[PDB]
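Colleague: Chains as they are written, first to last, in full-length UniProt numbering: chain X, 1 to 36, 121 to 326, 337 to 443; chain S, 574 to 631.
The structure's right below; bear with me while I get my questions together.
This is the structure:
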C-alpha cells in the first residue's frame, strides 16, 4: 500500500502520459480558440513548474481578481470543444495497446483508475521491495523497533532506494532505536549525500523524484538538512545547564560554513534556527553566571568580563532575528522572543 | 570646546589623536600618575591595563 522506492516500471505509464497530455493540449487549444513527449513538456511550459514546497499555496488574500466566468458550460458547449480533439486522439490511440485504448477512453470520460500501477508490476526485485516498504511502515505504526530497522537495513541493500523513505524512516527508526545511532549521523551523512548545491528545477519530466523531500542545493531547501540542524540544537539542549563539549559551537561553525549560497542564500529557519542556537548559547552563559547574582554573593571576580561577552551576543542575536524578519521570514513571533530576551536581560542585571 | 586655550604653555590631553582637553602641566603629572594607578588597579573598567599613557612633561 505505501510509497515505493523505485523508478516506475517505465513502459505503459510513459505512453498513457503521451495520450493524456496530447488530449489536454488538443482540448485546451480549442478552449483557447473559443475564448479568443514534447506535448508533455509543453503542458508544463503552459503551467510552469512546482516551487520548492508542495502545493502552490500562497495566501488567499490580496488580489480579488473577479471570476464569475458565467459558469459558461452548456453541455452543448463542452461537446463543441470535445468533438474534434477525441478524433485526433484516435490516430495515436490505434498505435497504442488495447489496455491503453480503454485507459484513455476511461480518463477521457472522467473515470479514474482504481488500478494502482504499483499493484501489477511483477518484477522479482520490485516484487519484494513493495513487501518490505509496507512491512516497515506497518512496523513503525506499532513502534516495533527491533524488527522495523531489520526491514529498513535490508530495504537499502536492495538496489531500489532513492533517499526517499530512507531519510524519512531512517531518522525516526534511529530515534525509536534506543540503541545505536543518532539520526544526526545519518542526518549529517544525508546532508553530504544531497547538498545539490546546484539550482536545478523545472525543465524535464521529474517523474522519478518529485518530492520536495529529496533535492535542493540550488534554492529549494532540503528538509533533511533543516531537520539535521533542528535535531542538532535539540541534541545540544539535553543535559546542558540542567573541552569535550564543543557541539553548540560545532553547530555555530557548521552553519557558518554556509552563510548563504542556497541556505543562507534563501532565508528563514536557516537564519532563525541559527539565532535560536545562538539564543540558547546566551542563556547557558547567564546560568553559568546567573543564580543569585552570577553564582552567588556578587562577582568582585574582575568586574564582569562575562556580562560583556553575553551583551555582545544578545546584541548579535537581535541582528540575526531582525535580518530573518526583514528578508520576508514569516516563521518568527517576534513579540515573544523580544519579551523573553529582555526578561532574561533582567537576570543578567 | 570649553577650554578654548592652547599652547605648549598648557598640557593637552589627547586620545588616539582626538584632543579631548587641557590641563596644567602639574595636572598633567597628577593625571599621568593617578591614571597609571587606576590602570594597574582593577577598578576602572573604562581603563584597560594595556592603555599606553604618553606623558611628555614640559
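Just so it is clear, CB atoms sit at the ideal spot from N, CA and C, and this is done for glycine as well.
Please determine, among 164/X, 142/X, 222/X, 191/X, the residue with the shortest C-alpha to C-alpha distance to residue 2/X.
Modeller: Walking along the first chain from the start, residue 2/X turns up at place 2. The candidate whose alpha carbon is nearest that of residue 2/X is 222/X.
Colleague: Looking at residue 217/X and residue 5/X, is the spacing between their C-beta atoms short of 8 Å?
Modeller: The count along the first chain starts at 1 and reaches residue 5/X at position 5. The count along the first chain starts at 1 and reaches residue 217/X at position 133. For residue 5/X and residue 217/X, yes; Cβs fall inside 8 Å.
Colleague: Where DSSP assigns a beta bridge to residue 388/X, which residues make up the other side?
Modeller: Here residue 388/X refers to the residue found at position 294 when the first chain is read from its first residue. Bridge partners of residue 388/X: 384/X.
Colleague: Take residue 574/S as the anchor and find which of 590/S, 583/S, 584/S, 595/S has the nearest alpha-carbon.
Modeller: Reading the second chain from its first residue, position 1 is the one you call residue 574/S. Out of 590/S, 583/S, 584/S, 595/S, 595/S has the C-alpha closest to the C-alpha of residue 574/S.
Colleague: Out of 121/X, 220/X, 30/X, 431/X, which one is the CA nearest neighbour of residue 21/X?
Modeller: Translated into the one-based positions of the first chain, residue 21/X becomes position 21. It is 121/X.
Colleague: Which same chain residues, not among the five before or five after residue 100/X, have their C-beta less than 6 Å away from its C-beta?
Modeller: Absent from the coordinates is residue 100/X, which sits in the stretch where chain X moves from 36 straight to 121.
Colleague: Report the three-state DSSP secondary structure of residue 244/X (helix, strand or coil).
Modeller: Locating residue 244/X in the first chain gives position 160, counting from the first residue. In the structure shown, residue 244/X sits in coil (DSSP, three-state: anything other than H, G, I, E or B).
Colleague: Leaving out five residues before and five after residue 236/X in sequence, what residues of the same chain have Cβ atoms less than 7 Å from its Cβ?
Modeller: To locate residue 236/X, count along the first chain from 1; it is residue 152. Only 220, 253, 254, 257 meet the Cβ criterion.
Colleague: Drop a sphere of 10 angstroms on the beta-carbon of residue 157/X, count the other beta-carbons inside from all chains shown, and report buried for 16 or more, exposed for fewer.
Modeller: Here residue 157/X refers to the residue found at position 73 when the first chain is read from its first residue. When all chains shown are included, residue 157/X counts as exposed.
Colleague: Taking only three categories from DSSP, how would you classify residue 322/X?
Modeller: Locating residue 322/X in the first chain gives position 238, counting from the first residue. Here residue 322/X sits in coil by DSSP.
Colleague: Go ahead and pull the three-state DSSP assignment for residue 180/X.
Modeller: Along the first chain, one-based indexing puts residue 180/X at 96. In the structure shown, residue 180/X sits in coil (DSSP, three-state: anything other than H, G, I, E or B).
Colleague: What would DSSP say about residue 596/S, mapped onto helix, strand or coil?
Modeller: Within the second chain, the letter at position 23 stands for residue 596/S. In the structure shown, residue 596/S sits in a strand (DSSP, three-state: E or B).
Colleague: Of the choices 598/S, 588/S, 590/S, whose alpha-carbon is the least far from that of residue 580/S?
Modeller: If you number the second chain from 1, residue 580/S lands on position 7. The candidate whose alpha carbon is nearest that of residue 580/S is 598/S.
Colleague: Which term fits residue 404/X, buried or exposed, when burial requires 16 or more other beta carbons within 10 angstroms of its beta carbon?
Modeller: Your numbering for residue 404/X matches position 310 in the first chain. Residue 404/X is buried by the Cβ-count criterion.
Colleague: I'd like the span of the alpha helix (DSSP H) that includes residue 214/X, first residue to last.
Modeller: Residue mapping note: residue 214/X aligns to position 130 of the first chain, counting from 1. Segment 208 to 224, the alpha helix (DSSP H) holding residue 214/X.
Colleague: Give the DSSP-derived three-state secondary structure of residue 426/X in the structure shown.
Modeller: Counting from one through the first chain, the residue named residue 426/X turns up at place 332. Of the three classes helix, strand and coil, the one that applies to residue 426/X here is coil, per DSSP.
Colleague: Does the Cβ-Cβ distance between residue 363/X and residue 408/X come in under 8 Å?
Modeller: Taking the first residue of the first chain as 1, we reach residue 363/X at position 269. Taking the first residue of the first chain as 1, we reach residue 408/X at position 314. Contact flag unset, no.
Colleague: Just to confirm my understanding: we take residue 617/S, look at its own chain, exclude 5 residues before and 5 after, and list those with CB closer than 6 Å. What are they?
Modeller: Indexing the second chain from 1 puts residue 617/S at position 44. Cβ within range, chain order: 611.
Colleague: Taking 6 Å as the limit between beta carbons, can you name the residues of its chain near residue 369/X, skipping five residues before and five after?
Modeller: For this step, residue 369/X is matched to residue 275 along the first chain. Answer for residue 369/X: 411, 414, 415, listed in chain order.
Colleague: Pull up the distance between the alpha-carbon of residue 282/X and that of residue 325/X, whole angstroms please.
Modeller: Looking up residue 282/X in the first chain gives position 198. Looking up residue 325/X in the first chain gives position 241. Taking the straight line joining both Cα atoms gives about 40 Å.
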